[PDB]
Structure formats: structure tokens, C-alpha cells
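Structure at a glance
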Amino acid sequence: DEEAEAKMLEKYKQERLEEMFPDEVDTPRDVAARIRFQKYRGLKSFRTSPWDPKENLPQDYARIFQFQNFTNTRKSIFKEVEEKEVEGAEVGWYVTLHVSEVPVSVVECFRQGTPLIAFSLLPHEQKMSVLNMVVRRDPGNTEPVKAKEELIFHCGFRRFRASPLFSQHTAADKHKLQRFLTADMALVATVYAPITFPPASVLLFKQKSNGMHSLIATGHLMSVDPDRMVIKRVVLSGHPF
Amino acid sequence: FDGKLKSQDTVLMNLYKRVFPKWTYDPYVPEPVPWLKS
Amino acid sequence: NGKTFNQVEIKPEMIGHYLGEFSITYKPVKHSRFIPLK
Amino acid sequence: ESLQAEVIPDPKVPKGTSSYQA
Amino acid sequence: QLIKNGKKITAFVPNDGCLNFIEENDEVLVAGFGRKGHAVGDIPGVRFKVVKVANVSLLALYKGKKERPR
Amino acid sequence: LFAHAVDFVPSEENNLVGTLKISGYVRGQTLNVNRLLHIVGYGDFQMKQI
């Protein structure tokens, strides 16, 4: 009860802290700086300093798929669905689908009156990858959202729950991380999610305590790649006595 | 430094880390209550 | 020696000597050519 | 027919001497 | 790619912020940049500017007056 | 596709899981068994018989 309110007021104070001082972090008193900041580096420039994308990939990146060229794969798949007529059920046919292994809980939803639809996926849309999607905050909602909390995503005929990661939308090679979704400009939320070919609409919903869904952000799917990289910045302080 | 510094100045140090999102994927979404005013 | 305390056990052979010379205040000092290709 | 593989199927110093004089 | 004649033209968007409101396969209304056929005094090769996207205007979208359907 | 008539056959009633028959008009393109079927509330599956 009150511990959720205290954590929410801590979220509000973090918004005040991270906006005036952008990414400033105090020096740890007891922990050695070489241990806490071991996997860190400094760059001379913020726009033109090179960075290896293949460097230091954790165990999570071994569970997802990769594309040698996403643009050519998207063009190849879209060409063969417009040109080739695969031998199957044609449009306008009243067909019936025998689907293999579904729970019975699908059926009682239909008996209650909830509409049930289905759609055949394209090739390589069932596999896992990293989604990049552009969002913009609804003016009608004012509650701030943090970087790594659970949110409900409606992304191209699909609904799923995941925690995003907000980064600045910039034409540069690397994007600075944004901790809180500012309600004036477009940001990018990166989600471990199934592959969905663009264009596809993106809606974000925050689950209220009383079961309500409040619309937060709207936009589209930008690209499907894990090569996009997010950089978190740290400012240390020192006094020239 | 390249030049003279004022006594009230405070230098700052720039560090960068490449971060990654987490695996919190859940394909199930709970059913809403009907939406109303706040 | 200015940094730490040196524990020295006084043998009977150190009678005429001082105490400062058994705690040394300094550390010893401990101190690839171009060939043209074209 | 494609399968439901969203995840990859493949898995000599004395006792009283200080460290300075050592 | 224009409808009535099928020709391809390269059009300019007022800023990089206004590109958030445009996705592929969208219907956009396109005007000229301003000098009766000659290019911009700054950037060569582009002769046209985008006025509306999805039957709503870029000025009302950028100023938060309207929302566009997709 | 939109489900017009839905009926179920359980492979095992204690397992609560079985074959589902959904009938509706094909809408977008040519629907084929060689790609998966996604129900919007229940994830990916496989059809077997059309």
C-alpha cells in the first residue's frame, strides 16, 4: 500500500534528479572505483568515436536469431507473397482450420462473447530477436513511467508483456539512454520480442491497480535488429583546489 | 589543462557503458475492466 | 620511516649505530628502433 | 511446415620486516 | 511516387522531427518548395515539400493540434 | 480470418488440451499449412488439416 506510494514518490524524485543533473553519479564511498566501473570506457567524442557491436555480448543474445541483411530478407519475402500463388485456401473461401495443440481456455472465451481472430504468420515471424520501435507519449496521461518496468505492448496483431528500454531517437550511430519517457519527443523502446515485419502499429499500455489500462505511448515499429546499441553515461566530480 | 582555471570551477569526468534490456517476455495479458474516468 | 613502522629486533651488534638507518625512507629505483620498410 | 522454435534449439622475508623495506 | 502519372519525386520534410509522422505506403500531399522549379538555396536535388500526411497537415501534427490515423 | 463457428474436440480431458476447429472466411491472402497460426490472445500454433 504505502510502500508502493513511497516507491512512486521515489520515481518522481528520480525524475527531478535526472533532469537537472543529466546523468551525474556520485563517487562510491567504500567500493573501489576500478571494481564498480570495471566494464566501462571513456570516449573522446560522442558522435564519431567507434565502437565494436560484436564486443561483450551476454548469454541472452545466444537465444535469439540474426539476420545477415534484414532489408534484403524483407524484400525477398514481400516479393514471393505478391508474385507466387501458393497452393492453398483462396480468398473468400469458407474454410475450417484444424489446429494442433491449444488449451481449452480458448473455447470458453468464445462462449463468453469475446471475438476470436487468427492470422497466418509470414516466414521468420515466430523467432526471437530485438525489436526497435518509436513511441510518443499521449498528452492525456501524466503519470511518469520508469525505464525497466513491465508494460503491455500491442505491436502488429500481437499483445505481450515486457519491460522496454528507452533511448534517444537520433540519427547518430549510438544513442544515449533515457531513464524516463519524457512527454515531448520521440524515444525508442527496445524489447526482446518476436520478429514482426514493418510496417506495424505500436501501442503501449500501463496496467493500473484496478485492472484499468491507460494508453501511454503510440507509434510504429522502426527496425528489427540487435545491432542497435544503447549507451549509458556517467559523470564523476572533482574539485581543483 | 590547456589554460588557467577559476577557483570555483568543478571538473567532470565522462564514462560510457553499453547496456542491454532484460528478458521479461510474457505472452499473456490480463483482461481489462471497462475504461472510465480517473 | 614516514610511511609505516618497521619492527627491528635489536641484536648486540648494533651498539654504535642509530635507529633511523634500519627503517629506510626511500625505495630503490628500477629503470625498439626504427627500420625503414620503403 | 515450420516449427514452434522461438528459442534457439542449440543450447624469504623476516618476520618483523614491513612491506616497505621488503 | 505520384498517383496520377506514376512518376517518382523526392520530397522534403520540414525537420527531422516531422519524419516521425510518416511511414511507408502513406498518402502524402506534396507541393513545390518555393521557387517555381528551382531547388533550395541550401540543399540541392530536392524540389518539393510535403504538406499533408494521411489527410492531416504536418503543421497541425507537429504543433499537437491533431492526431493522424494509420 | 475471423471465427464464425468454433467447436472443440479434446485429445485428453484431464490434459485439458485438444484439437480445435475454427471456421471462417479467408480474408487477406492464400492461407497455407506451411506457416504457423497466431491467435491474438494465445500465441503461435500449428494447423494440421484444412
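Residues numbered from 1 in each chain as written, not as in the entry; some residues may be left out. Chains lettered and ligands numbered in written order. Part of a larger assembly, values for the part shown. Heavy atoms only, no water. Residues with missing side-chain atoms left out of burial classes, pairs and counts.

Structure determination for the deposited model, as stated in its record, used cryo-EM, and the stated resolution is 3.5 Å.

Side note on the arrangement of the chains
Of all six pairs of chains sharing an interface, the pair with the highest contact count is chains A and F. Structurally, chain B and chain C remain out of contact, their C-alpha atoms never closer than 29 Å. (Contact = heavy atoms within 4.5 Å.)

Thoughts on the interface of chain A and chain F
Reports often express the size of an interface as the amount of accessible area lost when the parts come together. Between chain A and chain F, the contact holds 40 residues from the first and 39 residues from the second. Broken down by secondary-structure element, the contributors of at least two residues to the side of chain A that touches chain F are α3 (70-82), β1 (94-103), α4 (105-112) and β2 (118-120) of chain A. Examining the composition of the side of chain A that touches chain F, we find that 10 residues originate from one element, β1 of chain A, more than from any other. Among the residues forming the side of chain A that touches chain F, the class breakdown is 25 nonpolar, eight polar and seven charged. Bridging between β2 of chain A and strand β3 (residues 37-39) of chain F involves three bridges; their strand directions are antiparallel. Following the sheet pairing, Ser-120 of chain A is matched in β3 of chain F by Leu-37 of chain F. (Helix = DSSP H or I, 4+ residues; strand = E, 2+ residues; numbered from the N terminus. Nonpolar A, V, L, I, M, F, W, Y, C, P; charged D, E, K, R; others polar. Pairing = 2+ DSSP bridges.)

With respect to the pattern of salt bridges
Within the structure shown, the criterion is met by eight salt bridges over all chains. Where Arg-233 of chain A meets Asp-23 of chain A, a salt bridge forms, and the shortest distance between an N and an O atom there is 4.0 Å. Of the two residues, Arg-233 of chain A sits in strand β11 (residues 230-238) while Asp-23 of chain A sits in the loop between α1 (2-20) and α2 (33-36), which places them 210 residues apart along the sequence. Residue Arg-233 of chain A shares its accessibility class with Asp-23 of chain A, and that shared class is buried. Note that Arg-68 of chain E and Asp-26 of chain E form a salt bridge whose closest N and O atoms lie 2.8 Å from each other. (Salt bridge = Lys/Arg side-chain N within 4 Å of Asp/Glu carboxyl O. Buried < 20%, exposed > 50% of the residue type's maximum accessible area, 1.4 Å probe, protein only.)

Focus on a nonpolar patch on the surface
Residues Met-8, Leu-9 and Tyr-12 of chain A make up a contiguous nonpolar surface patch of about 270 Å² in total accessible area. Here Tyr-12 of chain A shows up in helix α1. (Patch = residues over 30% accessible without salt bridge, like charges linked within 9 Å, V, L, I, M, F, W, Y side chains within 5 Å. Areas by Shrake-Rupley, 256 points an atom, 1.4 Å probe, with all protein chains shown as cover.)

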